[PDB]
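Here's the letter readout for the chains.
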Amino acid sequence: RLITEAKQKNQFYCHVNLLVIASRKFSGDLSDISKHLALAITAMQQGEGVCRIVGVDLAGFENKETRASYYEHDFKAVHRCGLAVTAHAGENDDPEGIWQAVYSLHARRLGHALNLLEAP
Amino acid sequence: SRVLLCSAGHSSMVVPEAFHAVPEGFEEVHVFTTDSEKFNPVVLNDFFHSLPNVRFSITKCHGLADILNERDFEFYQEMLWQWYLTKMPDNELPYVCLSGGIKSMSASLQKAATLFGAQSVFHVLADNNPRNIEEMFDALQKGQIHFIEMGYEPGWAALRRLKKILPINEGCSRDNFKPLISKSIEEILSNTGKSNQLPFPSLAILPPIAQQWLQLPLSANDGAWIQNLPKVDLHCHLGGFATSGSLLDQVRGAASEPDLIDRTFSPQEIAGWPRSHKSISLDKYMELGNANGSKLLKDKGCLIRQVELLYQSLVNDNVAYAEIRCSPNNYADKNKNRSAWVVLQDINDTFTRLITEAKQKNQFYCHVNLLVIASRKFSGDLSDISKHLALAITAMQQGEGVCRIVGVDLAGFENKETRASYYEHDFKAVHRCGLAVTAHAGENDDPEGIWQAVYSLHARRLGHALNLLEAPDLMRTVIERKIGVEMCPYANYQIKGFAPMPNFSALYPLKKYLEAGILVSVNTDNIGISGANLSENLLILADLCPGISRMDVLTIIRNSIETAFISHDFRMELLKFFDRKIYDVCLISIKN
Amino acid sequence: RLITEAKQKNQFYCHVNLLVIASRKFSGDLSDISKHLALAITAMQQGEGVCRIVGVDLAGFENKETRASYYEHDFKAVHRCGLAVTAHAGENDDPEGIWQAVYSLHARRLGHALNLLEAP
Ligand SMILES: Nc1ncnc2c1ncn2[C@@H]1O[C@H](COP(=O)(O)OP(=O)(O)OP(=O)(O)O)[C@@H](O)[C@H]1O
Ligand SMILES: Nc1ncnc2c1ncn2[C@@H]1O[C@H](COP(=O)(O)OP(=O)(O)OP(=O)(O)O)[C@@H](O)[C@H]1O
Ligand SMILES: [Mg+2]
């Protein structure tokens, strides 16, 4: 509604798309990841609307146990339905985690990871 | 009412004390007797003339005396039974006395009173056995006549439609002797599983005659009881409800856009439907439903009309709980913003509104839930399966509602290209969330696929599974885990063929399935295409599985309740309501 | 023998079936679990007898070191032959352990599990 209102005035407007986060709550309510993924998958399919859902997020509590090879069982269909995946890693994790996140989750983008220089 | 029934013998003056038995006065006295010359009705007529408000009826068994012969005994028994049936109050039990008559008629009348109800049966005893009226009057003045009763006799709450089906029959003889209940009495004990398969614990309170009636085998003429029977349908397809006829016409008439309706094509007619005399294939079975389906259900108004008509049919068939299989993607259309989620939401809100409006008026309402069909290789890419699962879990996540989403479904064409061991990894999340799976592991599917469905998909139900009898280990684990097996009698009979199908040798395995202990449930699949609702689906079992019993049908209903995906508290309430209704229906069933 | 002796005199008798307990060691001779499973399968294959073998107990130290994500491929064998499995995950365990003990070991019956209240 805001985008259409701004566009009708012919004034400069800011197109905005939404990303559904998947909080890494770890032990608590393990079904939350599946619920969020399915919510995003079915929400991107509304179709009509200048604003839409274009991908999901993997931010949350980063840990060795919470690596990309821990939730990888649930992502077999996010790419199947045409979604996109970002990630948040490298702030405190291991370059192996970043490597698997790049190659297992097929993350098109990546968050932070300021220590890339140490891994040519 | 306050109607007496008595037998007149040599002691013909026993009626006046029977009239005086009540402590507040009496209304109508009726007496039955034989054709012997010993009885003198003049004395009783003169005695009762002092109370003209009392209806005196005297009937004599024509051509009978002394009841000295077995043929005479049965003649007297049948006339007495007919007279009792034609001489009872419509909706109250009468008062009956039997002190007059020899042991034969007395015992017959007592058994008849037990057999048709009586407000109070008693006996009159006199120390000196008075003959003249003044003598027994003086006797009652002191109190010589004592009163002996064994208690109130409820009889059976409903047996009197014998007098409707059997007319007065004033002109009759020994030739048209009706042994209607005697064979039921003969088969009471003449005929372990059938002994303690008793569901619905209140059936124990039910009187024994109707219990043994339930123990009798099923018959075609029990359609009235079957229709009055509260049932459960778990395998029901929304897309095959209306396919032809007035239902299809009125479903078409409510569409939002008439110009998008093909009002010309109609399905090909099959002679003898639903009792198909020739075997049919799955392709023709589905082609019979071509007039309806996703090609016609896109219109929102048409969808609402179809859902309302299906719910009305469910309520009409006395179904007290149902689960509907639906395909939201098939009815979606991005042209009019009709996403699959929107279609499913429309169905859910329509069902919830219908149920609430039916419950507000305190009528019989069919609580219904939805099943999300996830077909295999039906529309192209297999990502549609993931889309269906995601939609189903998101829909169940609504939280609050009345008509909810119990779980998902897995349906395919035959085999191989639609095997049940392809999508475990996709199913992990949806099955973890808390839904349920009913894999269609059956209909010429090898036992290995059924094993994968049971043990890797954790499927709680199996569609059809007709050929389960050839896998003893798979059977054993199915019964050991109480996995529901939905079976559609008419549909499988039409598309596969079972005895008494012409030129067929195989027979339906439902009886052996029930004897083994499988939690079998009887369903309808596609009402419109098969042309048979739940009532005739259950009725056809008499000629499909010979020797099937009524208690077996009740256990089928119990199993259908057992295998449904519902919460514990809702299951308890449903069980209580079903048990009370079942008791009422079997109380008023032996009436006919 | 005891059951037949009690039954032949037409007196109240107690039918008894045995469960082979797959003892938890996790320290040495780890083949003992497979040996126990084979012994239980062969024992149930006797067939005749009022008293028989109907199940296998997964008892022992139910701590995280011996959860249900270890030998499920081995329990495929016992599940194949139509033999019941009883688990034991009731003392000092997480809801995750109970969950995949139910859904991977296919435990048809569960032991203890006193803390189900906190896992709706
Ligand atoms: N994808 C877009 N994102 C943001 N603005 C857009 C987009 N597409 C079109 N517009 C708008 O189209 C309008 C065209 O304006 P125009 O070419 O006449 O230049 P202007 O009016 O002189 O200055 P301004 O670009 O600031 O409006 C712009 O104002 C711009 O905001
Ligand atoms: N599966 C069983 N388990 C235990 N006992 C059984 C079983 N099957 C039969 N029985 C025995 O059958 C016997 C039948 O006994 P009956 O019906 O005559 O009653 P009772 O002798 O008066 O009292 P009781 O039941 O204590 O023996 C019972 O004693 C019962 O112990
Ligand atoms: Mg079906």
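By convention in this text, residue numbers begin from 1 on each chain and track the written sequence, not necessarily the entry numbering, and residues missing coordinates are not displayed. Lettering of chains starts at A and numbering of ligands starts at 1, both following the order in which they are written. Summary scope: the chains shown constitute part of a larger assembly, and all values are computed over the shown part. The side-chain values count all of the structure's non-hydrogen atoms but skip hydrogen atoms and water molecules.

Chemist: Can you explain the overall build of chain A? Please cite residues and give values.
Modeler: Counting its regular elements, chain A contains three helices and two strands. Numbered from the N terminus, helices here are DSSP runs of H or I no shorter than four residues, and strands are runs of E no shorter than two. If you list the helices and strands of chain A from N to C, you get α-β-α-β-α. C-alpha extents for chain A along the principal axes are approximately 50 × 35 × 25 Å. Taking all contacts inside chain A whose residues are at least 6 apart in sequence as the whole, residues at least 24 apart take part in 68%. In these tables, accessible area is a Shrake-Rupley quantity obtained with a 1.4 Å probe, and a residue counts as shielded only by the protein chains included in the view. For chain A, the accessible area works out to roughly 7700 Å², and carbon and sulfur atoms hold 56% of it. When charges are counted, neither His nor the chain ends are considered; positive counts come from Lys and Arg and negative counts from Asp and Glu. Every charge is mapped onto a representative atom, which is NZ of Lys, CZ of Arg, CG of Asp or CD of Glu. Chain A carries 13 positive and 14 negative side-chain charges, and their two centres are separated by 10 Å. Any two residues whose heavy atoms approach within 4.5 Å at even a single point are treated as in contact.

Chemist: Tell me about the UniProt feature "binding site: ATP 3" (unreviewed entry) in chain B, residues and numbers included.
Modeler: All names here are of chain B. UniProt positions are given in the numbering used here, feature names are shortened, and annotations may be inferred rather than shown by experiment. As recorded in UniProt, the sites labelled "binding site: ATP 3" (unreviewed entry) are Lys164, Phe577, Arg580 and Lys581. Those residues within four positions of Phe577 in sequence are excluded, and the remaining contacts are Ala320 and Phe364. Within the secondary structure, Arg580 is located in helix α25 (residues 568–587).

Chemist: Go over unusual backbone geometry, please, and point to the residues and values.
Modeler: Look at the link from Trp273 of chain B to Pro274 of chain B: it is a cis peptide, with omega at 5°. Relative to the elements of secondary structure, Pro274 of chain B occurs in the loop between α11 (245–252) and α12 (282–287). A positive phi is found at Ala113 of chain A, a non-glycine position, where the angle reads about 55°. Mapped onto the elements, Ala113 of chain A comes out in the segment after α3 (95–103). We classify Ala113 of chain A as buried; its relative accessible area is 8%. Positive phi, normally seen in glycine, also occurs at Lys482 of chain B, with a value near 55°. Position of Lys482 of chain B among the secondary structure elements: in the loop between α18 (472–481) and β13 (484–487). By relative accessible area, which is 47% here, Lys482 of chain B ends up partly exposed. Each residue's exposure class comes from its accessible area (1.4 Å probe, protein chains only) as a fraction of the maximum for that residue type: buried when under 20%, exposed when over 50%, partly exposed otherwise.

Chemist: Break down the sheet that holds strand β2 (residues 28–34) of chain B for me, citing the residues and quoting the values.
Modeler: All names here are of chain B. When DSSP finds two or more bridges between a pair of strands, those strands are recorded as paired. A sheet is described by the order of its strands in space; here six strands give the open sequence β3-β2-β1-β4-β5-β6, paired in mixed fashion. Of all the strands in the sheet, the pair left with one neighbour each is β3 (55–61) and β6 (146–149). The average angle at which neighbouring strand axes cross in this sheet is 25°, direction not considered. One ladder, built from six bridges, connects strand β1 (residues 3–8) with β2; its direction is parallel. Note that in β2 the partner of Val3 across the bridge is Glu28. Packing of helix α3 (residues 70–86) onto the sheet brings it into contact with β1, β2 and β3, and relative to β2 it is tilted by some 165°. Whenever a helix is involved, its axis is fitted only over the stretch in contact; in every case the axis is a line through C-alpha atoms, and angles between N-to-C directions fall within 0 to 180 degrees.

Chemist: Tell me what's going on with the UniProt feature "binding site: ATP 2" (unreviewed entry) in chain B, and back it up with residues and numbers.
Modeler: Residue and element names in this part refer to chain B. As annotated in UniProt, the feature "binding site: ATP 2" (unreviewed entry) corresponds to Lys164, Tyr365, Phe577 and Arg580 in the numbering used here. Tracing the backbone shows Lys164 in helix α6 (residues 161–165). Mapped onto the elements of the fold, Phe577 is located in helix α25.

Chemist: Now, about the coordination of the magnesium ion (ligand 3): what can you tell me, with residues and values included?
Modeler: All names here are of chain B. Within the protein, the atoms that donate to the magnesium ion (ligand 3) are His235 (NE2) and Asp525 (OD), at distances of 2.1 to 2.5 Å. Remark: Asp525 occurs in the loop between β14 (520–522) and α21 (527–530) and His235 occurs in strand β7 (residues 231–237); sequence separation between them is 290 residues. Take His235: its relative accessible area is 5%, and that puts it in the buried class. Accessibility expressed as a relative area gives 7% for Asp525, which makes it buried. Excluding water, the donors of a metal are its N, O and S neighbours within 2.8 Å, or within 3.2 Å for Na, K and Ca, and that exclusion means sites may look incomplete.

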